[PDB]
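All remarks here apply to the structure that follows.
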Amino acid sequence: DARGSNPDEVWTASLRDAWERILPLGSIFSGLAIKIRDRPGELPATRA
Amino acid sequence: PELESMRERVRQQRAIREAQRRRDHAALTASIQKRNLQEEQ
Amino acid sequence: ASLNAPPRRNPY
Amino acid sequence: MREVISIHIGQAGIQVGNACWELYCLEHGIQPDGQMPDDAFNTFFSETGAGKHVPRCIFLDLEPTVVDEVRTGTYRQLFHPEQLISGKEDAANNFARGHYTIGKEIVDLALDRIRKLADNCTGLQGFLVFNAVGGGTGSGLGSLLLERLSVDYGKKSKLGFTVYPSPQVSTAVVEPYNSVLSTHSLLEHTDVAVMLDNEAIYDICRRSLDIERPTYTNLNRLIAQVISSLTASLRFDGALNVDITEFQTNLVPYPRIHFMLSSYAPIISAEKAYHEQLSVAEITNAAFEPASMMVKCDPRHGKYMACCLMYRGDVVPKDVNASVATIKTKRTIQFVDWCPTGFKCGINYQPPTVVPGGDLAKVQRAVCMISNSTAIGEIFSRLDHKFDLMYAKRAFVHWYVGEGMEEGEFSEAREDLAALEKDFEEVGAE
Amino acid sequence: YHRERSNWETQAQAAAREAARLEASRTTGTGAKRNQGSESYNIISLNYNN
Amino acid sequence: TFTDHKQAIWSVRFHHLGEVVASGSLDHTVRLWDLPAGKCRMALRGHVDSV
Amino acid sequence: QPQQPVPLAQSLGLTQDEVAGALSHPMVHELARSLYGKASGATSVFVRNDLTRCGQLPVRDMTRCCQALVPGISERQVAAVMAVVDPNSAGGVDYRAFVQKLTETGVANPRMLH
Amino acid sequence: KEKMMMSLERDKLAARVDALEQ
Amino acid sequence: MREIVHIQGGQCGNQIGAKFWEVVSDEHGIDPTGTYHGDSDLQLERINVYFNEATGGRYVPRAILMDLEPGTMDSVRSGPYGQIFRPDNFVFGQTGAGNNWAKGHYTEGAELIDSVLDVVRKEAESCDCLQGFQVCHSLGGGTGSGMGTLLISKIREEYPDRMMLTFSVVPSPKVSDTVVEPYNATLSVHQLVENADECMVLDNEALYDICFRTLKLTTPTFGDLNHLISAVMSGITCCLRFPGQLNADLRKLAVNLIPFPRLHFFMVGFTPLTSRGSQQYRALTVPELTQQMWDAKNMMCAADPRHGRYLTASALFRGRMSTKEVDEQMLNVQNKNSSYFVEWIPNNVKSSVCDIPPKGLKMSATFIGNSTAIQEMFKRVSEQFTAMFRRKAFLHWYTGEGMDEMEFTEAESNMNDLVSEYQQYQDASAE
Amino acid sequence: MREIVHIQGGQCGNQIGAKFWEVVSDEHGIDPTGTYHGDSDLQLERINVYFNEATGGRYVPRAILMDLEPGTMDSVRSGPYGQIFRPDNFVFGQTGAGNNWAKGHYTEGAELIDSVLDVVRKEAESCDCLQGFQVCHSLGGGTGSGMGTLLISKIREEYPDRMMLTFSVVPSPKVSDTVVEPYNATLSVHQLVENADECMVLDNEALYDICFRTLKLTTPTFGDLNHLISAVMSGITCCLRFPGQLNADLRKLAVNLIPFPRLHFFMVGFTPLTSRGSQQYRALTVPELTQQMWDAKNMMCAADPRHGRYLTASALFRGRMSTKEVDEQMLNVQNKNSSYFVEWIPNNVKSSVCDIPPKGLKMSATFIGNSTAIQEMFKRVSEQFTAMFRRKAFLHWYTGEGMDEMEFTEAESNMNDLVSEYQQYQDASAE
Ligand SMILES: Nc1nc2c(ncn2[C@@H]2O[C@H](COP(=O)(O)OP(=O)(O)OP(=O)(O)O)[C@@H](O)[C@H]2O)c(=O)[nH]1
Ligand SMILES: Nc1nc2c(ncn2[C@@H]2O[C@H](COP(=O)(O)OP(=O)(O)O)[C@@H](O)[C@H]2O)c(=O)[nH]1
Ligand SMILES: Nc1nc2c(ncn2[C@@H]2O[C@H](COP(=O)(O)OP(=O)(O)O)[C@@H](O)[C@H]2O)c(=O)[nH]1
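Structure (structure tokens):
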């Protein structure tokens, strides 16, 4: 809830415990997107 | 009488399960009365 | 027809 | 095919029924004269060969004035004249008067008309009993009618949308008395009892609709919207259809525990409408807000056991799933350990119809959250001492005794309410 | 003859009304919206629907 | 008392075992009565005139 | 059906009497009886004679099929049935529709319906 | 609340006592 | 000429079946009026596997539509392909099971099961040869689970040798729709273990995952999930309906997939599922299809195969393709991921090839994997069932329908035994 | 050239006969004015079986209408085909039988039976060769049951060798119309057992069940039930009127159906009865006809065959069909349902084929089953008759007509003995 009550972030990433969301930068014609790859409750090893 | 013996064994298992459920219910009542005592005190 | 099918008894 | 018989008992019952039937007529296009210029009305209306639609309702009261108001008002050509049943003497806020002496013949005639109505129904999902816990007509006569229905009809699902006395504000004095009596009566008869408080709905109207002078018409309009959202799955198709029988199976964990809090969302006036998105997650959060609940009962004190959500309008199952996931992840909302799911989502494609002249605005999405939660034990705790404060001095006891009660009846009712308190504690705790 | 044929006509008209309701719901697309794809294009073949 | 016969019983006989009683009557039919059952198990027909 | 960058009845000079009595001919009745006798295998001969798997056969091919079924059938009767099956076609009527129509109009007694 | 619960228990005891006296 | 009897059960089962029949009719070139309008001989060559001919050219599904409430199949009839179905095959009651497996199996299902069995027997006796039955339904629902399990038991009794295929929508791991999902799923899995020969496990949340991550959809309704399930249901049996370079029927798939009779639960996935943007960009090749199918994200089962071990796995490809290319790709998959494959089976892959790709797609491939990964799904369902059953919440609704409490314990024991077998074959060592 | 004398008795019998004559005239292309308008040689080929040629081209039924009240036959003349019958064949009394078998058989039936027999003899002598008589009436009514049984006895006396066929509407199990139905039925069964060579049992409630479940009609009047009965009565004798690939007359049917003289009560049905909506959804094939024909729901008798055993069963098919196909269907039915067929008869099916299907229907099949299941119907009638007779309720009305009390018990004894014979051959074992 503090991290954000976003339905997408809370549910869609959590499904299969994939914890990754795909955000496009525009239409499908741009076809490029961002995989957040965010595991809630764990530091990435880079910042660990 | 193999079927009868199997049925008797199933009945014994059923009685064991019912006894376990009753013990669990008694444990739950004990737990809630403990918590009620704790909060009231 | 309770017992109308016995073997022949007491030939006499 | 999915017919539901509506009973409205007492002044509060008949007054909420006025709003309910106005809402249903508007929703299905039925003019107040009775007919409309498919077959979705069969849940609430039975059509005749002439094309006129008559509701499957019964207006029961021991006072003639309230029913004569309906007989004179706009919906005089809609209802069945014999279905409107009126008494001669009011119960005078006496549960004994409404349950032992005056109510006998009136309830016998009520069973007669209810039988005529039920004989006209192919299927029968159940009864919707709308009365006022806290009044002799509502409490006593409603309890007697529910007892007779349980005796004869049997397993038909009876949903009691009761109005309970508010914690501090009230309009009667013997209201805790007949409230305790009616609660003891309906603990064992109604299948699902929905609690409603005038104080809570007044607060809702004050803060959300910005009505500084709320009235019974506004309260009944809100209650009618809640009931329409509850029954929308019977009349209009949509994804995740929910049934009257499914309410109890998904919502009642134990037979004793069937009292439920109700919260409708969004409650917004015409002026401030269309100023926010009103998305699915936002309206779900608004429904789960402790303030939006139609009972003066903080859900934070207790733990939710089951929550049935009725979504109306442009709602998609993924939106409801994400919203309920967010609600589960919310730490303020606390559920019981033995119900990991605790959620029953049902969507419908019919947006809530808006009554012209009402204060609600036209919203394309709506949520009715009806929850079985152990927090409701708080209101029973309040009535349990509001009763016992007078019962210590036996105030107003002679009034009830005069019409065929005993001190034993009060004792049994109060003991039953205490047992209900104990049961609520037992289910709430692990 | 009028009695029999009126009874039969009522039955046939009820059947025709039900059939017309189903056909209208099929054609206009409002029926079975529970099982209608969110996006117009065919998901598997990535083709626009007719 | 067996009353299925509606006419005069011309002849009545026992089986050699005795569990069955054969009654030939004016009714053209020969009825075999099961004594333990008290019921006409078989009703032989085929005689155009009285038995 | 490929693009092509007149009526079958008009072709071959089929008379109106032949068109009317196409299904009433005794030879055609025998053909319908044989087709009904070979249930679901009635189109097997037509399939074997159809090399392109196009579902359509020419007049010569379907006359050959009908002669393989019943020797006595002439080409005029087959052409008449072709015309009554597909009125406006430049030959190549579907043999499945041909067989289905003939079996549907099959008649038990040659004296009746002829 | 506990007081009035125990009062109803006392009333039941009194009714039992009267029945025993009868 | 090996017919299949399709059955739909419950709301979810009926809607999935409607979408599946829409897909099959589209593949065979059947318009909603039933007349063939496909213009391809192979479409009508084996149309008898699913359809029967009417008096005219009409072709009607061999489908039997089961429910206790009428509104669902009113919607089914109102759907785009609602009038293809034989009206006599719609068997529905009057009052639905309130998400109560007890109601759907014992009280209300008992009366309607006789009519259901009559319709099923009438459809089966008309078949020349019967490959078997396929029942599409949802675990975690009253009428669906109850009537489906009861009908599966009856059909197993009547036709023991005939194949039984199930498409069960297992209740989702994270976000559950109804409260009594654990109870219904636990009671249904026990029946499916004993009766169902071959079972596909499907998850709404897994489908939601595939539709956000592969398909990249925005607000996908249940129609899309049903569409993907329909794709899998068609692709599993396309070998019966179309000529194949190396064809494989349902019995062949079951024989090559099931090592031991109780281990008949399978996860499935479909390829190629791609978003609209990258469609021009993605390379349509056998290696690409294999890479997609062996991905955990492609699975329509919630359990990820990485945790478990692949006992067996069948891949049915569709399209004019190189059998060497297919076999080399799947052998390479085995060699690369030997840690995920069971050691005491030298080859864990059953390759089938069909010569007809689905309409619109240059190629396709459906995957059916028997892996010990589903152990965690059954474990989670047991974790919920035990949590409710310890306090006996909602148990009275089932008990009032006339089923003993002992049935719940027996179902839990059977389900736990299945989990134990899956763990045993996950950690079994050769020699 | 094998003539049949049709006789109608009572209100129900007269209405059924009028509908039957309408159906037969429609089948033969006969308008209500008597002129032939069929344009088919086969329709006129054997028209003399049912009709006689008048001075002109008019064709008149060989029908004799019997009643004690004139209102029913006034409705008969007002019916659609009320003008075909000769006015001399209407034999009517003045005081109708008050649902009293004694009144219709002894007091009021005695006087009018003179005219009835005079007309019957006049019609029978004019026939070149007489197959026999068919009497349509309803058990459980005064004039119909009583007077008809009296006529049947007289005709059996006069023409012992000629065939006697009866279509009796036995009182229905659940909903009974008149109170004295058990009395009238018990008295009429005793006469039919001794006199009628061949008897068909019909039930209004069974007709309602079939017309509500199969035909899916919502408001079926008595006209529809008479329509179904008329279809059966036409189909039984279509072999006389039309060429057949394997023809079978009434005497052949009785010979192949009746093992023992007292077991001549038959339960009949007609196929294909298809609902209007599913007319396009039914494929008219011999297996489909057999599937509907052997279904217990298609039987127009209340008793279901599943309880009893089929002693014999005749099936008269009509239409262009294979003798091999029909014979294999019936043999396969026997093999599948060997439990429901009597063991000590090697073949329990009498199959006949006619080349003339009914107008509009490409194929049809009428079924005539001699089974021990009718035992339960006679048992129920006994359960009612004994209950009323123990307290002798309504017995005074029959007593005041000059009927001895012993006659009731004699009829009950005969009907109970018939039940006993049915049970004996239901549980008879070979060797
Ligand atoms: N929410 C709501 N509550 C109402 C309304 N009208 C009355 N009430 C409540 O209903 C209670 C009394 O109802 P009734 O028992 O029906 O009053 P009555 O019709 O005069 O009958 P008796 O008072 O029992 O003699 C009051 O305490 C109010 O709180 C209403 O319009 N809306
Ligand atoms: N994929 C898919 N799932 C569905 C659909 N409808 C319902 N479901 C899911 O299936 C589960 C079981 O519902 P169901 O068994 O059909 O209810 P019932 O028919 O009344 O027993 C629910 O929890 C839904 O989440 C659908 O159309 N498609
Ligand atoms: N199927 C059918 N049955 C009828 C008709 N009219 C009467 N019945 C039934 O026939 C039964 C006996 O009546 P009926 O014999 O005609 O009386 P009767 O003429 O005085 O002997 C009644 O129980 C009716 O239910 C009809 O038109 N068709």
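Chains as they are written, first to last, in the authors' numbering: chain E, 197 to 244; chain S, 56 to 96; chain G, 292 to 303; chain R, 1 to 37, 46 to 438; chain X, 102 to 151; chain C, 405 to 455; chain A, 305 to 309, 316 to 424; chain L, 203 to 224; chain W, 1 to 431; chain Y, 1 to 431.
Ideal Cβ positions, reconstructed from N, Cα and C, are used throughout, including at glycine.
Reference residue i; option with closest CA among the options
i	options	result
W/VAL268	W/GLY235, W/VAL286, W/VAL119	W/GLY235
W/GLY148	W/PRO358, W/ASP161, W/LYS103, W/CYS301	W/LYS103
W/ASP177	W/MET406, W/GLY142, W/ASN256	W/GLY142
Y/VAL232	Y/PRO261, Y/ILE258, Y/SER168	Y/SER168
Y/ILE368	Y/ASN337, Y/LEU418, Y/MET300, Y/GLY17	Y/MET300
R/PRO72	R/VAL115, R/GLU55, R/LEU92	R/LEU92
W/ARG58	Y/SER278, Y/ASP209, Y/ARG213	Y/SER278
Y/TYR81	Y/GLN424, Y/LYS19, Y/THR290	Y/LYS19
W/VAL353	W/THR372, W/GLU431, W/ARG320	W/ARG320
A/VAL329	A/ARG363, A/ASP396, A/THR362, A/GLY365	A/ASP396
Residue range of the unbroken alpha helix (DSSP H) whose run includes residue i
i	result
R/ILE209	206-215
residue 432 of chain Y	Residue 432 of chain Y is absent from the model: chain Y starts at 1 and stops at 431.
W/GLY235	222-241
S/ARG77	57-95
A/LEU318	No alpha helix (DSSP H) contains A/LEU318, which DSSP labels as neither H nor E.
C/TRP414	Per DSSP, C/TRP414 belongs to no alpha helix (DSSP H); it is in the beta strand (DSSP E), 413-418.
residue 436 of chain Y	Outside the displayed span of chain Y (1 to 431) sits residue 436 of chain Y, for which this structure offers no information.
Presumed contact (8 Å Cβ cut-off) between residue i and residue j, rounded CB distance
i	j	result
Y/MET293	Y/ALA248	Not a contact, Cβ separation roughly 16 Å.
W/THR312	W/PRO357	About 25 Å separates the two Cβ atoms, so there is no contact after all.
W/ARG251	W/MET163	6 Å
R/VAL371	R/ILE231	In fact, because the Cβ distance is near 17 Å, the residues do not count as touching under 8 Å.
Endpoints, the beta strand (DSSP E) within which residue i is located
i	result
R/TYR262	From DSSP, R/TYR262 is part of no beta strand (DSSP E); its letter is neither H nor E.
task = Pair every Cβ in the region 391-411 of chain Y with every Cβ in the region 342-362 of chain Y, then say whether three or more of these pairs are closer than 8 Å.
result = Too few Cβ pairs lie closer than 8 Å, so no.
key: Proximal residues, the region 347-375 of chain R versus chain E, C-beta separation under 9 Å   = Contacts with chain E (Cβ-Cβ distance below 9 Å) from the region 347-375 of chain R involve no residue at all.
query = Which residues, in order along the region 273-286 of chain Y, keep a beta-carbon less than 7 Å from a beta-carbon of chain W?
reply = Residues passing the 7 Å Cβ filter: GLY277, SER278, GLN280, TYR281, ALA283, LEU284.
query = Okay, do the region 376-391 of chain A and the region 337-349 of chain A touch, 3+ Cβ pairs below 8 Å being the bar?
reply = The region 376-391 of chain A, when compared against the region 337-349 of chain A, does touch it at the 8 Å Cβ threshold.
task = Pair every Cβ in the region 294-305 of chain R with every Cβ in the region 351-361 of chain R, then say whether three or more of these pairs are closer than 8 Å.
result = They do not touch, by the three-pair rule.
task = Please confirm if the region 151-163 of chain W is in contact with the region 131-142 of chain W, defined as three or more CB-CB distances below 8 Å between the two stretches.
result = Taking a contact to require three or more Cβ pairs closer than 8 Å, the region 151-163 of chain W and the region 131-142 of chain W qualify as touching.
inquiry  = Tell me which residues of the region 109-121 of chain X have at least one Cβ-Cβ distance to chain W shorter than 8 Å, keeping chain order.
reply    = The residues in question: there are none.
task = Taking a Cβ distance cut-off of 8 Å, strictly less, list which residues of the region 291-312 of chain Y are near chain W, in chain order.
result = Hits within the stretch, in order: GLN291.
message = With a threshold of 8 Å, are at least 3 pairs of Cβ atoms found where one atom belongs to the region 130-147 of chain R and the other to the region 168-184 of chain R?
response = Yes, the region 130-147 of chain R touches the region 168-184 of chain R.
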